[PDB]
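Presented below, as structure tokens, is a lone chain in the form solved without its partner chain.
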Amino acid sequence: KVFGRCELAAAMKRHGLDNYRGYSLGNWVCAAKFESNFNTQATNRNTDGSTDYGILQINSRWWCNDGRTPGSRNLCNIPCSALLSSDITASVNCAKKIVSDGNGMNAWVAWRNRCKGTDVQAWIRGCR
């Protein structure tokens, strides 16, 4: 699924992501735009042999199982394939663990370089 801006904000907000660990709802919609282009099916291969999956590009090294990342952890206890669903539940519960882990939203390289220190509220502007 390719999400609209307002449509993804309302879904993230219903899954409780809004002000989670003090990160406003604009920081999250920001990250998804630059990580996936709002596309739940996005995949990207990393040079170490791990792969990032879904709208927040969650990495197979620590967070889920794709059966081809040797001696890696599955700390979300999910197949990576589940992070590719039109239903963003899996991706959101899995991001709640990552953003809590000590480094906050810096785990997302596109958030650090394109959203951190910007007017993030602009990303939910106009939505009901």
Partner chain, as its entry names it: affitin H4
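Positions refer to the first chain, counted from 1. For the two forms, the rigid core is made up of the largest set of C-alpha atoms that agree within 1.5 Å on superposition.
RMS Cα deviation from the shown model in 4 other deposited structures of this protein, rigid core fit, is larger for 71-79 than for the other stretch of the pair 71-79 / 57-65.
Of the two segments, 96-104 and 25-33, the one listed with the higher mean B-factor is 96-104 (C-alpha atoms only). In this entry, 12-20 has the higher mean Cα B-factor, the comparison being between 105-113 and 12-20. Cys64: CA B factor lies in the lowest third for its chain, per the PDB record. Per the deposited record, the Cα B-factor of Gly54 falls in the lowest third when ranked against the other modelled residues of its chain. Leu83 sits in the lowest third of its chain by CA B factor, as recorded in the PDB entry.
The deposited CA B-factor of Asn77 belongs to the highest third of values across its chain. The deposited CA B-factor of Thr47 belongs to the highest third of values across its chain.
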